[PDB]
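Report on the following structure.
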Amino acid sequence: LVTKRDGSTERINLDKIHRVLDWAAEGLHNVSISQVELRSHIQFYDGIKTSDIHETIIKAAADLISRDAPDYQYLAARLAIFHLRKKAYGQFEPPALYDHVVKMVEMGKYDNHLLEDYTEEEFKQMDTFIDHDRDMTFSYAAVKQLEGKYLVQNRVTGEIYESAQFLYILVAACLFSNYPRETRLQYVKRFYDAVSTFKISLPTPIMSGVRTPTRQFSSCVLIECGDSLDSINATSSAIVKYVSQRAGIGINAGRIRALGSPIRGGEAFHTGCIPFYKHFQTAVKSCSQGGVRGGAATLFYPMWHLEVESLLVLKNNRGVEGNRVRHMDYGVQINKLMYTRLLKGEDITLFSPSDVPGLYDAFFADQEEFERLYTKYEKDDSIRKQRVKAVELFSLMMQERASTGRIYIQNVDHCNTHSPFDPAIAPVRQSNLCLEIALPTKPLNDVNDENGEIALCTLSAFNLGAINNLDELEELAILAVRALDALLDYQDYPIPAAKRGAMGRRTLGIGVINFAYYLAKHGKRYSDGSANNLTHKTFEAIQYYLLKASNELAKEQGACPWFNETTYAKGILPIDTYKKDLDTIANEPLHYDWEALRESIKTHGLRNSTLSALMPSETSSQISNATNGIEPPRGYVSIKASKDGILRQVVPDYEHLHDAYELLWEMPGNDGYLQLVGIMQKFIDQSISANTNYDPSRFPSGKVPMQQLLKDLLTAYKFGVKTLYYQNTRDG
Amino acid sequence: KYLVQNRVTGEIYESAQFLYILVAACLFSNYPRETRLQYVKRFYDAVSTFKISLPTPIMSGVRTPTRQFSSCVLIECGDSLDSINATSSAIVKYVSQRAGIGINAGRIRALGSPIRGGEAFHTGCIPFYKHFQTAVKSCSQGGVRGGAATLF
Ligand SMILES: Nc1ncnc2c1ncn2[C@H]1C[C@H](O)[C@@H](COP(=O)(O)OP(=O)(O)OP(=O)(O)O)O1
Ligand SMILES: Nc1ncnc2c1ncn2[C@H]1C[C@H](O)[C@@H](COP(=O)(O)OP(=O)(O)OP(=O)(O)O)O1
Ligand SMILES: Nc1ncnc2c1ncn2[C@H]1C[C@H](O)[C@@H](COP(=O)(O)OP(=O)(O)OP(=O)(O)O)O1
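Protein chains in written order, with the UniProt record's numbering: chain G, 6 to 737; chain C, 154 to 305.
In C-alpha cells, the structure reads:
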C-alpha cells in the first residue's frame, strides 16, 4: 500500500520515483541514480507514506556527497527544496506573493505592518522580481540550514510555511518600507536580488526574524561592569534579559576590585572575583536545558590584575569547583609593556584595580601615561602588589589557552591607537563573543540607567566569490550599509544603555565570506604570503566603498549624533594609525581616492561610526556554499551533525580548484595566516576573529613547544593584529 | 563579634557594660527627655542582667556608623525575566550585609511551559535557581562560607 499526502492509498509506481530523481540529475556529472536508489536501502512496507519517501531519498542522495562526486550537493538540495515546496503549498508551484503575505498575516506568522505599508498592487509588482528558480542554486548543506532555522515554520508540529525566495523579498520589504515610494520598490528589488544570488550575507537572527511579530534581532552584546554591588546587580540582570533572546555576551568585569581589597574603609574586605564571575555564568546559562547548551559569553580582564593567576585557570577541567567557572570563555587583555617585560626576561607586577588610580583608564587611553603610573606604583611600597616572572605568567596563559582553547588575547593598545573612536572620549575596553567587535561602552548603575551604553551587533558579510571586480563593491556597499542602518530603527531596545549606543554611534559589523575560494581563484595561498598585496588592494576597496556608502547616507539623513567622538570627524583615517611595521610585508599602493573621501566625510560625516569588522560565519557561509570568513577550509568536504542527520558540504567549485585550495593542515605554520590577518586589520575598523592552528605531527615527540606559542603571539602584535580567537589543536 | 574592635590589628575598644547602655541610648534617644533616661536605665539593666536577649546584628551595631541591622530576608519572585532579575539583584545587596535569604520562586512556570505563545518554551527552574545560589554566595570566601538561604 502507498500513502499519499491527502492520505488516499495507492499502489507503488516506482517509475514515479525514478523520474523525480532523474529530473534532479539533469546537468550533473558523476552522479548515479542507482547509488541513491540502492544506497537508500529504502524499505517498503504495506502502507508507507509517500512523504517518508522524500526523507529517505533526500538523505540517501546526501550520503553520496563526496569530492569525487560534488554534484550530489545540488541533486539532493533540489530534492529537498521540492519536499519543502510541496510540504508548504501542496505543490511545487509557489502561490502569488500577495496571497502568500495575506494567508501568513492571518496565521499571525508575518507582521501585519506589511499589508499596511504596501498596497496589493505593489505586492503583485514585487512578485515579478522574484525568481523561484534560484532555489535550485542552493547546496544541500545550505538547504538544511534554511529548513531547520531560516524558513518560518511550526516548531511543534513541524509544518513549514514559506520558501527561500519569499524570505528574501520580505526581509528587504520590511527593511526598506520607510523609503520614499519613488525608490522604495527600486531598493526592494536591488536588495532581494543581491541576497538571493548570494552576493550579500546576513546574520541568522535577521534572516529568521524581520517580517515576523518578533523584534529581537541582536545576536551578541558587550556589557561593562563597574566596581559596585549595584553595577554587578545590573550587569547580571542585563545578560539574563539578553541571553533569553539567544544573544551572546561579552562581559568586562576588569573594574571589580581584587580579593582582600578594603570595603567601606575597614568595615569589610573584598570576597573575590570568582564569587561574582560564577553568578555571571549562571546568568549566561539562565536559559538552557540543564544549563548544558546555549548561553555563550567571553569575559575580559587586564593581564596585570591581582587575581590574574586564579582567573587564568578558571576554564581548566581539573581543579576545585570552588575556584572554577568553566562554561564562560575569557579574553586576557595585553599591551606593549607586558610583551616587553617578557622579551627582557624581567618580572611583572599585579595590582588591584582599586589600588592604582588612573591605571585602568590609561591602560586603554594612553600607553605612555600607563607606563608612568605603572612604574611609579611599582616602587611605591605602600601599594599592594605581587611580582611574577614574565616568562612564567605568559606560559600559564598559553598553557590554559592550549588546554581549553577558549582563552583569547586582546591587545588593548591596538584597539585604541588604530580605531575609529577617540580613546579619550569613548575607548574600546572589551570585545564580543566573536571577539571581532571593538566598540566603546559605559557601565550601568542599574537596568534602566540612561547614562549607560551597550554595544550591539547588526552584522553582515560580502561574498568575495560573488563579485567579478572590486568596483562591484560600490553597489553592494550601498545595499548593505543602507539595509543595516535601517534595522537599527526597526528592532527594539529592552535596555536603555543598549539603545543609547545604537542611536548614538550607529555601528555596524561587516565582514566577508568565501575568502578561501577567493584567494584560490586568483591562484593565491596563505602561508607563502603571495596574497599579501592582493589582500591590501582587495580590502582597500571593501572599506573605501563602505566609507563612501555611509557618507552618502549621512548627506541624505544626517550623520550619527556622537560622530564628534570619532577620529573620523577629526580627519584621521585608518591608513594613518595602522602599525608602521605593516610596510615591510606589502608594497601594494592605494588604488582609491582616499583624499576625495577625506573631505566628503569631513563635511557630511558618517551615518555609522564603524562599518568593517571581521567575524566568523558558520550559518551565513553555508547558505552561500561559501567558505567560512577568511579562515581556510580544513578539508574539501566538511561534516556536521543536524537533527535530521549528517551534513556534508564541499568547497565551492572543487571540480576545477581542487589543486588551488590550501587545506588548514597543509600549512607549514601560522606565519602566512598572521600576515594576511595583519594586512586586513589595517582596513577593518573593528577587529578580526583569527584562530591559532597547530599540528603536533610537525613537532618533535609530538609536543608543541612554548617557544613557538610565544614566537607567533609576538608576530601577531607586530603586525597590528587586534584579537586572537580559538586555538585548534588537530587530533590525528 | 559583639564588642567594638579593630578586625585587622586585633585591638578591642569597649567593654560589655558600655555596649548595653549605649544600645539603649540610641534606641530611645528620641523619647521625651523626662521619659528618656527612665527607659535608658530600665532597658540597660534588663539586657545586662540577661533578662532580655537581642539579635547579634543589633548588639554589634547600634551605636556605630553602620546602619545595616536586618539579619534575615524574605523575597517573593514572580514568573518573569524582570521579576527574577530583581529578586537576584536584591539578595545580592542584602547578603553583602550578611543577611539570610528566604526565596519564594514558586511562581516561576515549569519546564516546557510555552513562552510568548509559541515563540519559545520554558528552559526550567534549575537554571534560575542556580543563579539565585550564586547570588547568595556572591560574597563568600571561595563561595563556601556565608550566604545562607531557604527556597520554597
Ligand atoms: N503511489 C506511489 N507509487 C509509487 N511511488 C510513490 C507513490 N506515491 C509517492 N511516491 C514516491 C515517489 C516520489 O519520490 C514521492 C512522491 O511524493 P510527491 O511526488 O512529492 O507527492 P505525491 O506522491 O503526492 O504526488 P505528486 O507527484 O503529484 O506530488 O514518493
Ligand atoms: N560585604 C561584602 N562582601 C564581599 N564583597 C562586597 C561586600 N560589599 C561590597 N562588596 C563588593 C561588591 C562590589 O564589587 C564592590 C562594591 O562596591 P561599592 O558598592 O561601590 O562599595 P561602596 O558603596 O561601599 O563604596 P566603595 O566603592 O568606595 O567601596 O565590593
Ligand atoms: N528564552 C527563555 N527560555 C527559558 N525561559 C524563559 C525564556 N524567556 C523567558 N523565560 C522565563 C523567565 C521568566 O520568568 C519568564 C518570562 O519572563 P518575561 O520576559 O516577562 O516574559 P513575558 O512577560 O514577555 O511573557 P510571559 O508573560 O508569557 O512570561 O519565563
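Every residue, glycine too, gets a C-beta built ideally from N, C-alpha and C.
Item: Between the CA atoms of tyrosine 550 of chain G and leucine 464 of chain G - distance to the nearest angstrom; Value: 17 Å
Item: Three-state class that DSSP yields for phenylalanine 97 of chain G in the structure shown; Value: coil
Item: Members of the stretch 243 to 259 of chain G near chain C, C-beta cut-off 7 Å; Value: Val245, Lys246 and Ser249
Item: Helix, strand or coil at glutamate 570 of chain G [DSSP, three-state]; Value: helix
Item: Cutoff 6 Å; reference residue 1 of chain G; Cβ partners in own chain excluding five residues on either side; Value: Outside the displayed range of chain G (6 to 737) lies residue 1 of chain G, so it cannot be described from this structure.
Item: Entirely enclosed beta strand (DSSP E) segments - the stretch 193 to 234 of chain G, minimum 3 residues; Value: 225 to 229
Item: Partners in chain G for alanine 288 of chain C, counting only beta-carbon separations shorter than 7 Å; Value: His284
Item: Per-residue burial, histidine 34 of chain G [other beta carbons within 10 Å of its own, 16 or more giving buried]; Value: exposed
Item: Residues bridged to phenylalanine 467 of chain G [DSSP beta-bridge criterion]; Value: G:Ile205 and G:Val517
Item: C-beta atoms of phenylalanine 688 of chain G and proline 579 of chain G nearer than 9 Å; Value: yes
Item: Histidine 275 of chain G beta carbon near ligand 2 (any heavy atom closer than 8 Å); Value: yes
Item: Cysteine 225 of chain C Cβ short of 8 Å to ligand 5 heavy atom set; Value: With respect to small molecules bound, the structure shown includes ligand 1, ligand 2 and ligand 3 and not ligand 5.
Item: Contact belief for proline 280 of chain C with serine 293 of chain G at Cβ below 8 Å, rounded distance in angstroms; Value: 6 Å
Item: Near-chain C residues of the stretch 260 to 272 of chain G - C-beta to any C-beta below 8 Å; Value: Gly271 and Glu272
Item: C-alpha gap between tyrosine 282 of chain G and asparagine 159 of chain C, whole angstroms; Value: 30 Å
Item: Candidates G:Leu156, G:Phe171, G:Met109 and G:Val148, of which the one nearest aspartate 132 of chain G by Cα; Value: G:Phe171
Item: Cβ shell of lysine 560 of chain G (< 7 Å), same chain only, five flanking positions each side left out; Value: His609
Item: Rounded straight-line distance, which links the Cα of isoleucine 174 of chain G to that of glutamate 121 of chain G; Value: 17 Å
Item: Three-state class that DSSP yields for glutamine 713 of chain G in the structure shown; Value: helix
Item: Coarse secondary structure for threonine 589 of chain G, derived from DSSP in three states; Value: helix
Item: Residues that DSSP places opposite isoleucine 256 of chain C in a beta bridge; Value: C:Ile228
Item: C-alpha distance - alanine 288 of chain G paired with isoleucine 339 of chain G, whole-angstrom precision; Value: 27 Å
Item: Ligand 2 heavy atom lying under 8 Å from the CB of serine 233 of chain G; Value: yes
Item: Three-way DSSP call (helix, strand, coil) for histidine 310 of chain G in this model; Value: strand
Item: Lining residues of ligand 1 - beta-carbon closer than 5 Å to any non-hydrogen atom, in sequence order; Value: G:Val7, G:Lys9, G:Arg10, G:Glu15, G:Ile17, G:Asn18, G:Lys21, G:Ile22, G:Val25, G:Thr55, G:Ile58 and G:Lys91
Item: Local conformation of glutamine 158 of chain C per DSSP, three classes; Value: strand
Item: Residues sharing a beta bridge with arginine 392 of chain G, DSSP; Value: G:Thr354
Item: Minimum Cβ-Cβ distance from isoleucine 165 of chain C to chain G less than 9 Å; Value: no
Item: Residues of its chain near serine 213 of chain C, where Cβ-Cβ distance is below 6 Å and the 5 sequence neighbours each way are ignored; Value: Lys154 and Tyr155
Item: Test: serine 387 of chain G CB closer than 9 Å to a CB of chain C; Value: no
Item: Per-residue burial, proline 445 of chain G [other beta carbons within 10 Å of its own, 16 or more giving buried]; Value: buried
Item: Contact test: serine 249 of chain G Cβ vs ligand 3 heavy atom, cutoff 8 Å; Value: yes
Item: For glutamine 415 of chain G: DSSP bridge partner residues; Value: G:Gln338 and G:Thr728
Item: Buried or exposed (CB count within 10 angstroms, at least 16 for buried), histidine 527 of chain G; Value: exposed
Item: Nearest-angstrom Cα separation, counted from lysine 149 of chain G out to residue 786 of chain G; Value: Here chain G covers residues 6 to 737 and nothing more, so residue 786 of chain G does not appear.
Item: Cβ-based burial, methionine 141 of chain G [other Cβ within 10 Å; buried from 16]; Value: exposed
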